[PDB]
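**Student:** The structure follows.
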Amino acid sequence: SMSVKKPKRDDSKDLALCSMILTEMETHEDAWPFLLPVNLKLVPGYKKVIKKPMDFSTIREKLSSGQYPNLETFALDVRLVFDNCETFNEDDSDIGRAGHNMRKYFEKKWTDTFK
């Protein structure tokens with residue numbers, strides 16, 4: 001509360017460490033469904049159904065331009081990429097399986113880097 005603060009967790013490396021995680025996601029072999037924005041002209045249904053599209057290139061630009069206020073807002077966009085994927089793709093599809101694999105990969109890196 002006012003003039004009563006928990007001890008200061010060092011956040012000075014968060015930007016660099018989120019960038020490293022994102023590099024690792026970018027270079028995973030199952031990243032290909034997620035590298036670029038879904039083409040809203042060429043994929044029927046996507047625009048109406050997915051209210052907040054997100055992809056790795058869009059996260060990378062937001063990261064690079066100071067549009068994440070803290071590490072939690074970064075994790076929310078990453079998870080949005082996988083939640084979108086599950087909304088639109090059957091579990092038993094190459095893209096559906098890619099999304100589950102990447103989410104697993106991300107969540108382990110996140111825990112090991114920050115928890």
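Residues in the structure tokens are named by chain (A, B, ... in the order shown) and by number from 1 within that chain; ligands are numbered from 1 in the order shown.
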Applying 12 Å and only C-alpha atoms, which residues near segment 47-50 of chain A remain after dropping the ones on its own chain fewer than 5 positions away? List them as a PDB file with N, CA and C atoms, in the first residue's frame.
**Tutor:**
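Heads up, here's the output in out-v4.pdb:
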ATOM      1  N   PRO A  37       1.655 -13.296 -39.613  1.00  0.00           N
ATOM      2  CA  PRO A  37       0.211 -13.193 -39.431  1.00  0.00           C
ATOM      3  C   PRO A  37      -0.581 -14.060 -40.420  1.00  0.00           C
ATOM      4  N   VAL A  38      -1.657 -14.663 -39.947  1.00  0.00           N
ATOM      5  CA  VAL A  38      -2.569 -15.433 -40.827  1.00  0.00           C
ATOM      6  C   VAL A  38      -3.118 -14.458 -41.854  1.00  0.00           C
ATOM      7  N   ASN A  39      -3.161 -14.888 -43.131  1.00  0.00           N
ATOM      8  CA  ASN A  39      -3.579 -13.969 -44.227  1.00  0.00           C
ATOM      9  C   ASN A  39      -5.137 -13.913 -44.213  1.00  0.00           C
ATOM     10  N   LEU A  40      -5.648 -12.822 -43.672  1.00  0.00           N
ATOM     11  CA  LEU A  40      -7.098 -12.625 -43.468  1.00  0.00           C
ATOM     12  C   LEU A  40      -7.895 -12.528 -44.756  1.00  0.00           C
ATOM     13  N   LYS A  41      -7.231 -12.237 -45.873  1.00  0.00           N
ATOM     14  CA  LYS A  41      -7.882 -12.312 -47.204  1.00  0.00           C
ATOM     15  C   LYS A  41      -7.980 -13.732 -47.711  1.00  0.00           C
ATOM     16  N   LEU A  42      -7.008 -14.587 -47.401  1.00  0.00           N
ATOM     17  CA  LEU A  42      -6.957 -15.917 -47.977  1.00  0.00           C
ATOM     18  C   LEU A  42      -7.435 -17.023 -47.099  1.00  0.00           C
ATOM     19  N   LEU A  80      -1.688 -16.312 -26.398  1.00  0.00           N
ATOM     20  CA  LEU A  80      -2.712 -15.969 -27.376  1.00  0.00           C
ATOM     21  C   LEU A  80      -2.492 -16.649 -28.722  1.00  0.00           C
ATOM     22  N   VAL A  81      -1.234 -16.757 -29.158  1.00  0.00           N
ATOM     23  CA  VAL A  81      -0.891 -17.430 -30.392  1.00  0.00           C
ATOM     24  C   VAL A  81      -1.390 -18.930 -30.317  1.00  0.00           C
ATOM     25  N   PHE A  82      -1.202 -19.579 -29.160  1.00  0.00           N
ATOM     26  CA  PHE A  82      -1.587 -20.977 -29.039  1.00  0.00           C
ATOM     27  C   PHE A  82      -3.043 -21.218 -28.803  1.00  0.00           C
ATOM     28  N   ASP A  83      -3.670 -20.313 -28.076  1.00  0.00           N
ATOM     29  CA  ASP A  83      -5.105 -20.296 -27.858  1.00  0.00           C
ATOM     30  C   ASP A  83      -5.851 -20.045 -29.125  1.00  0.00           C
ATOM     31  N   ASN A  84      -5.406 -19.084 -29.921  1.00  0.00           N
ATOM     32  CA  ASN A  84      -5.952 -18.920 -31.308  1.00  0.00           C
ATOM     33  C   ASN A  84      -5.840 -20.190 -32.139  1.00  0.00           C
ATOM     34  N   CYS A  85      -4.671 -20.806 -32.104  1.00  0.00           N
ATOM     35  CA  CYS A  85      -4.433 -22.003 -32.900  1.00  0.00           C
ATOM     36  C   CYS A  85      -5.441 -23.127 -32.484  1.00  0.00           C
ATOM     37  N   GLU A  86      -5.644 -23.304 -31.187  1.00  0.00           N
ATOM     38  CA  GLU A  86      -6.586 -24.356 -30.708  1.00  0.00           C
ATOM     39  C   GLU A  86      -8.029 -24.030 -31.078  1.00  0.00           C
ATOM     40  N   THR A  87      -8.346 -22.739 -31.124  1.00  0.00           N
ATOM     41  CA  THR A  87      -9.691 -22.292 -31.538  1.00  0.00           C
ATOM     42  C   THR A  87     -10.024 -22.657 -33.003  1.00  0.00           C
ATOM     43  N   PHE A  88      -9.052 -22.583 -33.868  1.00  0.00           N
ATOM     44  CA  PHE A  88      -9.248 -22.743 -35.285  1.00  0.00           C
ATOM     45  C   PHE A  88      -8.840 -24.075 -35.913  1.00  0.00           C
ATOM     46  N   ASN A  89      -8.068 -24.910 -35.204  1.00  0.00           N
ATOM     47  CA  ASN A  89      -7.451 -26.075 -35.813  1.00  0.00           C
ATOM     48  C   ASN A  89      -7.813 -27.311 -34.945  1.00  0.00           C
TER      49      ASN A  89
END
**Student:** So that I can see what lies close to residue 114 of chain A, please list as a ChimeraX atom specification the residues with an atom at most 10 Å from it, counting only C-alpha atoms and leaving out residues fewer than 6 positions away in the same chain.
**Tutor:** /A:14,17-18,71
**Student:** Excluding residue 76 of chain A and its own-chain neighbours fewer than 3 positions away, which residues fall within 12 Å of it when counting only C-alpha atoms? Please give them as an mmCIF file with C-alpha atoms, in the first residue's frame.
**Tutor:**
data_model
loop_
_atom_site.group_PDB
_atom_site.id
_atom_site.type_symbol
_atom_site.label_atom_id
_atom_site.label_comp_id
_atom_site.auth_asym_id
_atom_site.auth_seq_id
_atom_site.Cartn_x
_atom_site.Cartn_y
_atom_site.Cartn_z
ATOM 1 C CA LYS A 52 -7.269 -10.973 -31.581
ATOM 2 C CA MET A 54 -1.216 -12.840 -32.858
ATOM 3 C CA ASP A 55 1.953 -14.346 -34.362
ATOM 4 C CA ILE A 59 5.382 -10.196 -30.919
ATOM 5 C CA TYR A 68 5.337 -4.694 -23.645
ATOM 6 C CA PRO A 69 5.119 -2.937 -20.256
ATOM 7 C CA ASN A 70 6.241 -6.057 -18.385
ATOM 8 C CA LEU A 71 7.122 -9.773 -18.819
ATOM 9 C CA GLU A 72 3.470 -10.858 -18.138
ATOM 10 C CA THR A 73 2.044 -8.903 -21.062
ATOM 11 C CA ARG A 79 -0.223 -17.815 -25.102
ATOM 12 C CA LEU A 80 -2.712 -15.969 -27.376
ATOM 13 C CA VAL A 81 -0.891 -17.430 -30.392
ATOM 14 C CA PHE A 82 -1.587 -20.977 -29.039
ATOM 15 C CA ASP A 83 -5.105 -20.296 -27.858
ATOM 16 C CA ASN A 84 -5.952 -18.920 -31.308
ATOM 17 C CA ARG A 103 2.996 -24.215 -26.069
ATOM 18 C CA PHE A 106 7.327 -22.161 -24.334
ATOM 19 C CA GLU A 107 5.941 -22.980 -20.868
ATOM 20 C CA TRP A 110 9.232 -19.643 -19.139
#
**Student:** Would you return as a ChimeraX atom specification the members of segment 19-88 of chain A that DSSP assigns to helix (DSSP H, G or I) on this structure's backbone?
**Tutor:** /A:19-27,29-31,46-49,56-64,71-88
**Student:** So which residues touch residue 57 of chain A within 9 Å, counting only C-alpha atoms, skipping near sequence neighbours fewer than 3 positions away, as an MDAnalysis selection string?
**Tutor:** chainID A and resid 26 34:37 54 60:62
**Student:** Print the selection's residues with N, CA and C atoms to a file, as a JSON list (two decimals), in the first residue's frame.
**Tutor:**
[["chain", "number", "residue", "atom", "x", "y", "z"],
["A", 26, "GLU", "N", 11.08, -18.92, -32.46],
["A", 26, "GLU", "CA", 11.25, -18.62, -33.87],
["A", 26, "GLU", "C", 12.01, -19.71, -34.65],
["A", 34, "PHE", "N", 3.17, -20.16, -37.21],
["A", 34, "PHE", "CA", 3.11, -19.06, -36.23],
["A", 34, "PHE", "C", 4.05, -17.92, -36.59],
["A", 35, "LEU", "N", 4.88, -18.05, -37.63],
["A", 35, "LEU", "CA", 5.95, -17.08, -37.92],
["A", 35, "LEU", "C", 5.42, -15.72, -38.40],
["A", 36, "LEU", "N", 4.30, -15.76, -39.11],
["A", 36, "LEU", "CA", 3.71, -14.59, -39.77],
["A", 36, "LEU", "C", 2.24, -14.51, -39.49],
["A", 37, "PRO", "N", 1.65, -13.30, -39.61],
["A", 37, "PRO", "CA", 0.21, -13.19, -39.43],
["A", 37, "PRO", "C", -0.58, -14.06, -40.42],
["A", 54, "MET", "N", -2.58, -13.11, -33.39],
["A", 54, "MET", "CA", -1.22, -12.84, -32.86],
["A", 54, "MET", "C", -0.30, -13.86, -33.53],
["A", 60, "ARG", "N", 7.56, -10.03, -32.01],
["A", 60, "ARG", "CA", 8.93, -9.56, -32.13],
["A", 60, "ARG", "C", 8.98, -8.01, -32.37],
["A", 61, "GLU", "N", 8.11, -7.49, -33.20],
["A", 61, "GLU", "CA", 8.03, -6.05, -33.44],
["A", 61, "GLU", "C", 7.56, -5.27, -32.16],
["A", 62, "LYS", "N", 6.55, -5.79, -31.45],
["A", 62, "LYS", "CA", 6.08, -5.20, -30.21],
["A", 62, "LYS", "C", 7.25, -5.18, -29.15]]
**Student:** Show which residues sit within 12 Å of residue 27 of chain A, as a PyMOL selection string. Count only C-alpha atoms, and ignore same-chain residues fewer than 5 positions away.
**Tutor:** chain A and resi 20-22+32+34-35+56+102+105
**Student:** Give me the residues within 10 Å of residue 94 of chain A as a list in words, counting only C-alpha atoms and dropping any in the same chain fewer than 4 places off.
**Tutor:**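 Near residue 94 of chain A, the qualifying residues are residues 30, 33, 89, 90, 98 and 99 of chain A.
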**Student:** Dump C-alpha atoms for the selected residues as a compact mmCIF listing (two decimals), in the first residue's frame?
**Tutor:**
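out33.txt, written as the output of this step:
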# COMPACT_ATOMS: atom_id res chain seq x y z
CA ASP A 30 7.27 -26.55 -35.59
CA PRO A 33 2.30 -21.97 -38.61
CA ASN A 89 -7.45 -26.08 -35.81
CA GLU A 90 -8.34 -29.65 -34.96
CA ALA A 98 2.38 -27.86 -33.81
CA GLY A 99 0.47 -25.60 -31.44
**Student:** Quick one: distance from atom CA of residue 113 of chain A to atom CA of residue 78 of chain A in Å, one decimal?
**Tutor:**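 The value is 15.2 Å.
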**Student:** Could you tell me how far atom CA of residue 63 of chain A lies from atom CA of residue 15 of chain A, in Å and to one decimal?
**Tutor:**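 Computing it gives 7.8 Å between the two atoms.
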